[PDB]
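Heads up, start-v6.cif below (mmCIF, C-alpha atoms and all ligand atoms):
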```cif
data_upload
loop_
_atom_site.group_PDB
_atom_site.id
_atom_site.type_symbol
_atom_site.label_atom_id
_atom_site.label_comp_id
_atom_site.auth_asym_id
_atom_site.auth_seq_id
_atom_site.Cartn_x
_atom_site.Cartn_y
_atom_site.Cartn_z
ATOM 1 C CA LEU A 34 37.047 -2.080 -0.110
ATOM 2 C CA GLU A 35 34.603 0.858 -0.838
ATOM 3 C CA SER A 36 35.980 1.798 -4.130
ATOM 4 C CA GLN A 37 32.948 -0.406 -5.085
ATOM 5 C CA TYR A 38 30.566 2.385 -3.999
ATOM 6 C CA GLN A 39 30.099 5.996 -4.809
ATOM 7 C CA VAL A 40 28.985 7.697 -1.537
ATOM 8 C CA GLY A 41 26.127 10.276 -1.999
ATOM 9 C CA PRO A 42 24.425 12.533 0.614
ATOM 10 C CA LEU A 43 23.969 11.714 4.296
ATOM 11 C CA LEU A 44 20.356 10.345 4.754
ATOM 12 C CA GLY A 45 20.257 10.295 8.566
ATOM 13 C CA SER A 46 22.221 9.730 11.742
ATOM 14 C CA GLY A 47 21.655 9.026 15.456
ATOM 15 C CA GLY A 48 22.601 6.875 18.417
ATOM 16 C CA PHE A 49 23.407 3.964 16.098
ATOM 17 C CA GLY A 50 25.830 5.820 13.620
ATOM 18 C CA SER A 51 25.012 7.327 10.115
ATOM 19 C CA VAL A 52 23.584 6.347 6.803
ATOM 20 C CA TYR A 53 24.340 7.583 3.288
ATOM 21 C CA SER A 54 22.862 7.255 -0.106
ATOM 22 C CA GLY A 55 25.215 5.404 -2.386
ATOM 23 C CA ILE A 56 25.494 3.697 -5.720
ATOM 24 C CA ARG A 57 27.182 0.426 -6.425
ATOM 25 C CA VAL A 58 29.895 1.335 -8.960
ATOM 26 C CA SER A 59 29.852 -1.917 -10.981
ATOM 27 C CA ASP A 60 26.136 -1.911 -11.901
ATOM 28 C CA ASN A 61 24.904 1.500 -10.649
ATOM 29 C CA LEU A 62 22.519 -0.227 -8.212
ATOM 30 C CA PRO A 63 21.090 2.252 -5.697
ATOM 31 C CA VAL A 64 22.162 1.315 -2.103
ATOM 32 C CA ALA A 65 22.248 2.807 1.382
ATOM 33 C CA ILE A 66 25.457 2.632 3.321
ATOM 34 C CA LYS A 67 25.026 2.320 7.024
ATOM 35 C CA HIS A 68 27.883 2.900 9.459
ATOM 36 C CA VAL A 69 27.346 1.247 12.823
ATOM 37 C CA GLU A 70 29.665 2.440 15.617
ATOM 38 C CA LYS A 71 31.030 -0.463 17.727
ATOM 39 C CA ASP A 72 30.639 1.168 21.136
ATOM 40 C CA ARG A 73 26.983 1.735 20.517
ATOM 41 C CA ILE A 74 26.254 -1.861 19.528
ATOM 42 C CA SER A 75 23.705 -3.014 22.192
ATOM 43 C CA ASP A 76 24.161 -6.768 21.118
ATOM 44 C CA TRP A 77 26.661 -8.935 19.317
ATOM 45 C CA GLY A 78 26.196 -12.265 17.658
ATOM 46 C CA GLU A 79 28.210 -14.397 15.346
ATOM 47 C CA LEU A 80 28.000 -15.956 11.955
ATOM 48 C CA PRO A 81 27.227 -19.556 10.808
ATOM 49 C CA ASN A 82 31.037 -19.866 10.256
ATOM 50 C CA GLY A 83 31.272 -17.828 13.483
ATOM 51 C CA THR A 84 32.752 -14.300 12.993
ATOM 52 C CA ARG A 85 31.997 -11.678 15.693
ATOM 53 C CA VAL A 86 29.412 -9.238 14.070
ATOM 54 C CA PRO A 87 26.641 -6.930 15.275
ATOM 55 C CA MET A 88 23.455 -8.895 16.013
ATOM 56 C CA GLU A 89 21.905 -6.579 13.417
ATOM 57 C CA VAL A 90 23.963 -8.431 10.720
ATOM 58 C CA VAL A 91 22.939 -11.817 12.042
ATOM 59 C CA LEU A 92 19.267 -10.736 12.005
ATOM 60 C CA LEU A 93 19.426 -9.221 8.541
ATOM 61 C CA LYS A 94 20.947 -12.487 7.172
ATOM 62 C CA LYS A 95 18.172 -14.565 8.777
ATOM 63 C CA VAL A 96 15.480 -12.461 7.099
ATOM 64 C CA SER A 97 17.187 -12.053 3.688
ATOM 65 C CA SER A 98 14.971 -13.409 0.902
ATOM 66 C CA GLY A 99 13.211 -12.255 -2.335
ATOM 67 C CA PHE A 100 10.346 -11.057 -0.123
ATOM 68 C CA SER A 101 10.384 -7.312 -0.676
ATOM 69 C CA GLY A 102 8.700 -6.439 2.686
ATOM 70 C CA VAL A 103 11.915 -6.560 4.680
ATOM 71 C CA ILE A 104 15.087 -4.634 3.550
ATOM 72 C CA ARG A 105 17.826 -6.727 1.967
ATOM 73 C CA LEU A 106 21.447 -6.708 3.324
ATOM 74 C CA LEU A 107 23.645 -6.743 0.169
ATOM 75 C CA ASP A 108 27.058 -6.795 1.800
ATOM 76 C CA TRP A 109 28.964 -5.671 4.835
ATOM 77 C CA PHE A 110 32.571 -4.698 5.903
ATOM 78 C CA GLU A 111 34.382 -4.473 9.176
ATOM 79 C CA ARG A 112 36.545 -1.456 10.244
ATOM 80 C CA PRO A 113 38.403 -0.631 13.440
ATOM 81 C CA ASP A 114 35.529 1.315 15.102
ATOM 82 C CA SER A 115 32.556 0.497 13.006
ATOM 83 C CA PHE A 116 30.820 -1.858 10.574
ATOM 84 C CA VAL A 117 29.526 -0.805 7.215
ATOM 85 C CA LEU A 118 26.293 -2.333 5.997
ATOM 86 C CA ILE A 119 25.265 -2.118 2.386
ATOM 87 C CA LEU A 120 21.513 -2.205 2.005
ATOM 88 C CA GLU A 121 18.967 -2.120 -0.728
ATOM 89 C CA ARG A 122 17.683 1.323 -1.540
ATOM 90 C CA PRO A 123 14.288 1.861 -3.199
ATOM 91 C CA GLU A 124 14.058 4.972 -5.352
ATOM 92 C CA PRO A 125 12.100 7.240 -5.057
ATOM 93 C CA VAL A 126 11.523 6.352 -1.342
ATOM 94 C CA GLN A 127 10.254 8.142 1.742
ATOM 95 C CA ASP A 128 10.065 6.853 5.307
ATOM 96 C CA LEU A 129 6.728 6.652 6.897
ATOM 97 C CA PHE A 130 7.496 9.272 9.576
ATOM 98 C CA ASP A 131 8.139 11.930 6.878
ATOM 99 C CA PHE A 132 5.164 10.767 4.862
ATOM 100 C CA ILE A 133 2.905 11.302 7.892
ATOM 101 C CA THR A 134 4.608 14.669 8.680
ATOM 102 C CA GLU A 135 3.843 15.812 5.198
ATOM 103 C CA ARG A 136 0.401 14.335 4.767
ATOM 104 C CA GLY A 137 -1.091 14.221 8.272
ATOM 105 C CA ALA A 138 -3.417 11.436 9.422
ATOM 106 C CA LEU A 139 -3.814 8.823 6.687
ATOM 107 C CA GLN A 140 -7.206 7.893 5.144
ATOM 108 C CA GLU A 141 -8.234 4.438 6.568
ATOM 109 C CA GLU A 142 -7.912 2.686 3.245
ATOM 110 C CA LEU A 143 -4.328 3.821 2.924
ATOM 111 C CA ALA A 144 -3.603 2.979 6.580
ATOM 112 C CA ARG A 145 -5.145 -0.505 6.058
ATOM 113 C CA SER A 146 -2.879 -1.167 3.071
ATOM 114 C CA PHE A 147 0.234 0.045 4.883
ATOM 115 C CA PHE A 148 -0.604 -1.703 8.169
ATOM 116 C CA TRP A 149 -1.340 -5.027 6.366
ATOM 117 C CA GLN A 150 1.994 -4.818 4.624
ATOM 118 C CA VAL A 151 3.802 -4.134 7.855
ATOM 119 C CA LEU A 152 2.077 -7.151 9.475
ATOM 120 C CA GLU A 153 3.206 -9.369 6.540
ATOM 121 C CA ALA A 154 6.862 -8.001 7.024
ATOM 122 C CA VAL A 155 6.789 -8.638 10.841
ATOM 123 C CA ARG A 156 5.301 -12.167 10.411
ATOM 124 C CA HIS A 157 8.169 -12.883 7.941
ATOM 125 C CA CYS A 158 10.735 -11.661 10.579
ATOM 126 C CA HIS A 159 9.084 -13.902 13.240
ATOM 127 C CA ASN A 160 8.904 -16.912 10.876
ATOM 128 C CA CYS A 161 12.690 -16.396 10.313
ATOM 129 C CA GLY A 162 13.275 -16.394 14.086
ATOM 130 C CA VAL A 163 13.867 -12.573 14.337
ATOM 131 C CA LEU A 164 12.179 -10.098 16.737
ATOM 132 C CA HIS A 165 12.560 -6.502 15.414
ATOM 133 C CA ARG A 166 11.877 -4.611 18.712
ATOM 134 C CA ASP A 167 11.700 -1.099 17.178
ATOM 135 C CA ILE A 168 8.679 -1.190 14.823
ATOM 136 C CA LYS A 169 7.726 2.451 14.256
ATOM 137 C CA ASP A 170 7.134 4.887 11.456
ATOM 138 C CA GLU A 171 10.801 5.942 11.039
ATOM 139 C CA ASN A 172 11.782 2.266 10.581
ATOM 140 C CA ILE A 173 9.428 1.764 7.602
ATOM 141 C CA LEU A 174 10.316 2.864 4.058
ATOM 142 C CA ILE A 175 7.770 3.447 1.292
ATOM 143 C CA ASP A 176 8.803 2.384 -2.271
ATOM 144 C CA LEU A 177 6.634 5.149 -3.740
ATOM 145 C CA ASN A 178 6.535 3.783 -7.312
ATOM 146 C CA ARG A 179 5.349 0.317 -6.281
ATOM 147 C CA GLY A 180 3.274 1.171 -3.110
ATOM 148 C CA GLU A 181 5.425 -1.422 -1.206
ATOM 149 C CA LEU A 182 6.608 -0.882 2.398
ATOM 150 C CA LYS A 183 9.923 -2.172 3.682
ATOM 151 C CA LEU A 184 10.896 -2.700 7.334
ATOM 152 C CA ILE A 185 14.408 -1.487 8.041
ATOM 153 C CA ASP A 186 16.760 -1.269 11.032
ATOM 154 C CA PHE A 187 17.346 -4.393 13.063
ATOM 155 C CA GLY A 188 19.737 -2.474 15.320
ATOM 156 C CA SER A 189 17.539 -3.006 18.399
ATOM 157 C CA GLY A 190 16.436 -6.533 17.413
ATOM 158 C CA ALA A 191 17.088 -9.980 18.879
ATOM 159 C CA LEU A 192 16.617 -13.622 18.084
ATOM 160 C CA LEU A 193 12.965 -14.488 18.783
ATOM 161 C CA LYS A 194 12.474 -16.730 21.882
ATOM 162 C CA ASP A 195 9.434 -17.884 23.927
ATOM 163 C CA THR A 196 10.759 -16.731 27.323
ATOM 164 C CA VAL A 197 10.987 -13.183 28.771
ATOM 165 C CA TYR A 198 13.218 -10.384 27.569
ATOM 166 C CA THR A 199 14.673 -8.140 30.313
ATOM 167 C CA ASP A 200 16.703 -5.887 28.071
ATOM 168 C CA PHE A 201 15.308 -3.315 25.659
ATOM 169 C CA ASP A 202 16.780 -0.416 23.726
ATOM 170 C CA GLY A 203 14.194 0.339 21.076
ATOM 171 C CA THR A 204 11.822 3.304 21.256
ATOM 172 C CA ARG A 205 10.305 4.028 24.766
ATOM 173 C CA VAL A 206 6.958 5.570 23.594
ATOM 174 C CA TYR A 207 6.336 2.334 21.503
ATOM 175 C CA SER A 208 7.246 0.022 24.401
ATOM 176 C CA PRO A 209 4.504 -1.690 26.385
ATOM 177 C CA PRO A 210 3.422 -1.145 29.927
ATOM 178 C CA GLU A 211 5.000 -4.345 31.213
ATOM 179 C CA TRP A 212 8.368 -3.000 30.020
ATOM 180 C CA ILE A 213 7.758 0.379 31.698
ATOM 181 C CA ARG A 214 6.563 -1.112 34.985
ATOM 182 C CA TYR A 215 8.651 -4.367 35.338
ATOM 183 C CA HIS A 216 11.331 -4.254 32.774
ATOM 184 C CA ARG A 217 10.108 -7.574 31.322
ATOM 185 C CA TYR A 218 8.111 -8.421 28.191
ATOM 186 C CA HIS A 219 7.520 -11.334 25.796
ATOM 187 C CA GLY A 220 8.444 -10.844 22.130
ATOM 188 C CA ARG A 221 5.172 -11.253 20.229
ATOM 189 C CA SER A 222 2.861 -9.353 22.572
ATOM 190 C CA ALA A 223 5.344 -6.463 22.897
ATOM 191 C CA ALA A 224 5.489 -6.494 18.970
ATOM 192 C CA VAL A 225 1.669 -6.289 18.899
ATOM 193 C CA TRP A 226 1.631 -3.287 21.375
ATOM 194 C CA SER A 227 3.991 -1.449 19.124
ATOM 195 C CA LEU A 228 1.805 -2.340 16.050
ATOM 196 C CA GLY A 229 -1.148 -0.698 17.962
ATOM 197 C CA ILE A 230 0.907 2.498 18.601
ATOM 198 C CA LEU A 231 1.870 2.424 14.846
ATOM 199 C CA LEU A 232 -1.693 1.997 13.592
ATOM 200 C CA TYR A 233 -2.813 4.873 15.934
ATOM 201 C CA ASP A 234 -0.052 6.982 14.534
ATOM 202 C CA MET A 235 -1.119 6.303 11.001
ATOM 203 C CA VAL A 236 -4.853 7.075 11.437
ATOM 204 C CA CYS A 237 -4.416 9.978 13.930
ATOM 205 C CA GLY A 238 -1.138 11.451 12.582
ATOM 206 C CA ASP A 239 0.723 11.195 15.953
ATOM 207 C CA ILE A 240 1.431 8.571 18.604
ATOM 208 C CA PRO A 241 -1.065 8.208 21.488
ATOM 209 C CA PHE A 242 1.252 8.265 24.607
ATOM 210 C CA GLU A 243 4.190 10.542 25.424
ATOM 211 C CA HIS A 244 4.688 9.893 29.189
ATOM 212 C CA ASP A 245 5.308 6.678 31.080
ATOM 213 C CA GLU A 246 2.156 7.378 33.100
ATOM 214 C CA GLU A 247 0.021 7.504 29.911
ATOM 215 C CA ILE A 248 1.593 4.187 28.711
ATOM 216 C CA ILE A 249 0.824 2.422 31.978
ATOM 217 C CA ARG A 250 -2.757 3.758 32.166
ATOM 218 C CA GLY A 251 -3.291 2.596 28.523
ATOM 219 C CA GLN A 252 -6.392 4.882 27.937
ATOM 220 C CA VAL A 253 -6.657 5.707 24.240
ATOM 221 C CA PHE A 254 -8.269 9.018 23.089
ATOM 222 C CA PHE A 255 -9.001 9.463 19.355
ATOM 223 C CA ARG A 256 -8.117 12.962 18.313
ATOM 224 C CA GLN A 257 -9.274 12.453 14.607
ATOM 225 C CA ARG A 258 -12.424 10.766 13.310
ATOM 226 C CA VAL A 259 -11.549 7.097 13.032
ATOM 227 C CA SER A 260 -14.095 4.257 12.375
ATOM 228 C CA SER A 261 -15.248 2.170 15.322
ATOM 229 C CA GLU A 262 -13.747 -0.971 13.748
ATOM 230 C CA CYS A 263 -10.306 0.659 13.521
ATOM 231 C CA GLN A 264 -10.624 2.023 17.097
ATOM 232 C CA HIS A 265 -11.625 -1.497 18.300
ATOM 233 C CA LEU A 266 -8.479 -3.030 16.666
ATOM 234 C CA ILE A 267 -6.161 -0.295 18.063
ATOM 235 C CA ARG A 268 -7.536 -0.661 21.605
ATOM 236 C CA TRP A 269 -7.202 -4.487 21.209
ATOM 237 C CA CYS A 270 -3.501 -4.237 20.198
ATOM 238 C CA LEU A 271 -3.067 -1.875 23.240
ATOM 239 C CA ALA A 272 -4.646 -4.261 25.851
ATOM 240 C CA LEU A 273 -2.862 -3.569 29.152
ATOM 241 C CA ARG A 274 -2.453 -7.293 29.859
ATOM 242 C CA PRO A 275 -0.158 -8.916 27.324
ATOM 243 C CA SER A 276 -2.228 -12.082 26.982
ATOM 244 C CA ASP A 277 -5.288 -9.838 26.171
ATOM 245 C CA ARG A 278 -3.681 -8.632 22.884
ATOM 246 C CA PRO A 279 -4.538 -10.238 19.538
ATOM 247 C CA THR A 280 -2.093 -12.655 17.800
ATOM 248 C CA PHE A 281 -1.045 -11.767 14.147
ATOM 249 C CA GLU A 282 -3.681 -14.041 12.870
ATOM 250 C CA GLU A 283 -6.391 -12.297 14.959
ATOM 251 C CA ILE A 284 -5.194 -8.891 13.721
ATOM 252 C CA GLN A 285 -5.271 -9.970 10.032
ATOM 253 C CA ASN A 286 -8.770 -11.540 10.486
ATOM 254 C CA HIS A 287 -10.124 -8.424 12.125
ATOM 255 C CA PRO A 288 -13.118 -6.876 10.294
ATOM 256 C CA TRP A 289 -11.094 -3.655 9.853
ATOM 257 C CA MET A 290 -8.406 -5.565 7.904
ATOM 258 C CA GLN A 291 -10.638 -7.016 5.156
ATOM 259 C CA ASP A 292 -10.471 -6.057 1.462
ATOM 260 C CA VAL A 293 -7.005 -4.582 1.613
ATOM 261 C CA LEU A 294 -5.694 -2.876 -1.529
ATOM 262 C CA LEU A 295 -2.890 -4.415 -3.489
ATOM 263 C CA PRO A 296 0.372 -2.425 -3.279
ATOM 264 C CA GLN A 297 0.224 -1.240 -6.972
ATOM 265 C CA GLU A 298 -3.395 -0.094 -6.453
ATOM 266 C CA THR A 299 -2.220 1.631 -3.312
ATOM 267 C CA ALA A 300 0.456 3.519 -5.270
ATOM 268 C CA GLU A 301 -2.017 4.484 -8.016
ATOM 269 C CA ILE A 302 -4.752 5.763 -5.703
ATOM 270 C CA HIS A 303 -2.747 7.283 -2.874
ATOM 271 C CA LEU A 304 0.829 7.795 -3.878
ATOM 272 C CA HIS A 305 0.230 8.948 -7.499
ATOM 273 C CA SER A 306 2.728 6.277 -8.749
HETATM 274 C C1 LIG B 401 15.424 4.231 14.310
HETATM 275 N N1 LIG B 401 16.273 3.956 13.103
HETATM 276 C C2 LIG B 401 17.733 3.992 13.419
HETATM 277 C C3 LIG B 401 18.506 3.860 12.057
HETATM 278 N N2 LIG B 401 17.962 4.800 11.071
HETATM 279 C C4 LIG B 401 18.763 4.805 9.834
HETATM 280 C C5 LIG B 401 18.598 3.702 8.837
HETATM 281 N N3 LIG B 401 18.321 3.979 7.604
HETATM 282 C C6 LIG B 401 18.253 2.999 6.649
HETATM 283 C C7 LIG B 401 18.510 1.700 7.034
HETATM 284 O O1 LIG B 401 18.298 0.935 5.983
HETATM 285 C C8 LIG B 401 18.022 1.650 4.871
HETATM 286 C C9 LIG B 401 17.799 1.155 3.607
HETATM 287 C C10 LIG B 401 17.515 2.144 2.666
HETATM 288 C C11 LIG B 401 17.466 3.500 3.107
HETATM 289 BR BR1 LIG B 401 16.987 4.757 1.755
HETATM 290 C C12 LIG B 401 17.692 3.988 4.373
HETATM 291 C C13 LIG B 401 17.956 2.979 5.289
HETATM 292 C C14 LIG B 401 18.774 1.383 8.381
HETATM 293 O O2 LIG B 401 18.952 0.230 8.803
HETATM 294 N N4 LIG B 401 18.910 2.442 9.221
HETATM 295 C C15 LIG B 401 16.485 4.697 10.784
HETATM 296 C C16 LIG B 401 15.793 4.986 12.134
#
```
Could you rewrite the structure in this file as structure tokens?
Amino acid sequence: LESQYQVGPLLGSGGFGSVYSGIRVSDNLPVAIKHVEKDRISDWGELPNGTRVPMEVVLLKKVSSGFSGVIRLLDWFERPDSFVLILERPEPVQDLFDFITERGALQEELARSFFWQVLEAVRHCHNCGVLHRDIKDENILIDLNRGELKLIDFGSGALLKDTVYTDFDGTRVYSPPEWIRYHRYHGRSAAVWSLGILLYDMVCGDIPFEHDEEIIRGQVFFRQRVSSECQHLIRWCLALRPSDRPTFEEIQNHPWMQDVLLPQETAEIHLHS
């Protein structure tokens, strides 16, 4: 039971449920305690043994490793109307949405470091057979001391497959035009569209499209000064036709992506950590 955890302040809540800061009583390890309401669970899965759990738990177990770029599931509990996930908690930490709110558009060197790290975290998820489906600033945490990003929140995710998805419940303004128009997308190229909306958001300080019509037209306007190489990569990730978008390898070989900072260097220069 959760006499093993001291519950601290609420960190956030939403369609999925609520999350609290917590501390594991035995060793004082910082954790986050996420309560997932059953009736809001968009997908269920089951365990190697074969217990009926949120898909989110299946996905988190598939990606669990010593790789710090994806959040680690430490433990979980079932309750009558909810599950309770116990997750790693970096400290001090700030999500990327709040970081951008506070700091505005990010210098390119900082955006390059963060974007590279996110691409390494997403490639790990895909190599583990997991499609995240809600990559966006609020689902990325920054371990401020170490300059390391972590992808969180597999609540909209699915097992990765090579055929079409026809369901989607992640964030609409990050979803690609083929979802908006046809309600169908493939995993990797929809991931890459969202990576293009994320990199825009980092270098311009806001997302590029609010309305369905803007998504489907796909015309990108730069509202801040951004280098032509960065603009070229963003407009490549946001190719209207799915098969026109780059693969991960093509993104990480892009001229804009070269000479990325190490995370510690990133913390020292940009995060004062
Ligand atoms: C769109 N998503 C829905 C869930 N929402 C809450 C959430 N927070 C955390 C989650 O993992 C964490 C690990 C450490 C810390 Br600190 C916070 C979290 C998570 O899965 N959801 C983030 C935004």
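For the pair atom CA of residue A:171 and atom CA of residue A:269, the separation is 23.2 Å.
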- Message: Residue by residue, what does the PyMOL selection byres (((not hetatm)) within 8 of (chain B and resi 401)) grab here? Present the result as number ranges by chain.
- Response: A: 44-54, 64-67, 104, 120-124, 126-127, 167, 169, 171-172, 174, 185-188, 203-204
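Here atom CA of residue A:191 stands at a distance of 7.1 Å from atom CA of residue A:88.
Residues matched by the PyMOL selection byres (((chain A and resi 71) around 6) and not hetatm) in this structure: residues 70, 72, 73, 74, 114 and 115 of chain A.
Using all atoms listed in the file for every distance, the candidate list A:102, A:251, A:288, A:275 yields A:102 as the residue closest to residue A:180.
For the file at hand, the PyMOL selection byres (((chain A and resi 279-282) around 10) and not hetatm) resolves to residues 152, 153, 155, 156, 221, 222, 224, 225, 226, 266, 269, 270, 271, 272, 275, 276, 277, 278, 283, 284, 285, 286 and 287 of chain A.
Look at residue A:56: the protein and nucleic acid residues within 7 Å of it, using only C-alpha atoms and passing over chain neighbours fewer than 3 places away, are residues 38, 39, 40, 61, 62, 63 and 64 of chain A.
Closest to residue A:151 among A:117, A:96, A:103, A:90 is A:103, based on all atoms listed in the file.
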- Task: Skip residue A:148 itself and residues of its chain fewer than 2 positions away, then list as a ChimeraX atom specification all residues within 9 Å of it, counting all atoms listed in the file.
- Result: /A:143-146,150-153,228,231-232,235,290
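Separating atom CA of residue A:227 from atom CA of residue A:207 is a distance of 5.0 Å.
Minimum atom-to-atom distance to residue A:179, evaluated using all atoms listed in the file, belongs to A:125 out of A:261, A:42, A:125, A:110.
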Taking every listed atom of stretch 273-276 of chain A and adding 4 Å to each side, what centre and edge lengths in Å (one decimal) does the axis-aligned box have, as lines of an AutoDock Vina configuration file?
```
center_x = -1.5
center_y = -7.8
center_z = 28.4
size_x = 10.7
size_y = 16.5
size_z = 10.9
```
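Of the residues under consideration (A:248, A:101, A:36, A:241), A:248 shows the shortest atom-to-atom contact distance to residue A:212 when counting only C-alpha atoms.
With distances taken over all atoms listed in the file, A:79 is the one residue among A:292, A:79, A:246, A:142 lying closest to residue A:94.
The nearest approach to residue A:168 among the residues A:138, A:230, A:133, A:106, with only C-alpha atoms taken into account, belongs to A:230.
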- Message: When you look at residue A:259 with a cut-off of 8 Å (counting all atoms listed in the file), what residues show up, excluding the ones that are within fewer than 6 positions of it in the same chain? I need them as a PyMOL selection string.
- Response: chain A and resi 141+236-237
Please write the residues from the selection above to a file, keeping C-alpha atoms, as a PDB file, in the frame of the given file.
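Okay, this is what ended up in result10.pdb:
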```pdb
ATOM      1  CA  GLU A 141      -8.234   4.438   6.568  1.00  0.00           C
ATOM      2  CA  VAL A 236      -4.853   7.075  11.437  1.00  0.00           C
ATOM      3  CA  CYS A 237      -4.416   9.978  13.930  1.00  0.00           C
TER       4      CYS A 237
END
```
- Message: Around (-0.1, 1.3, -7.1), as given in the file, which residues come within 12 Å? Count only C-alpha atoms and list them as a ChimeraX atom specification.
- Response: /A:143,146,175-182,294-306
- Message: At a cut-off of 9 Å, using all atoms listed in the file, what residues contact residue A:163? Leave out same-chain residues fewer than 2 positions from it and give the result as a VMD selection string.
- Response: chain A and resid 92 to 93 95 to 96 155 157 to 161 165 187 190 to 194
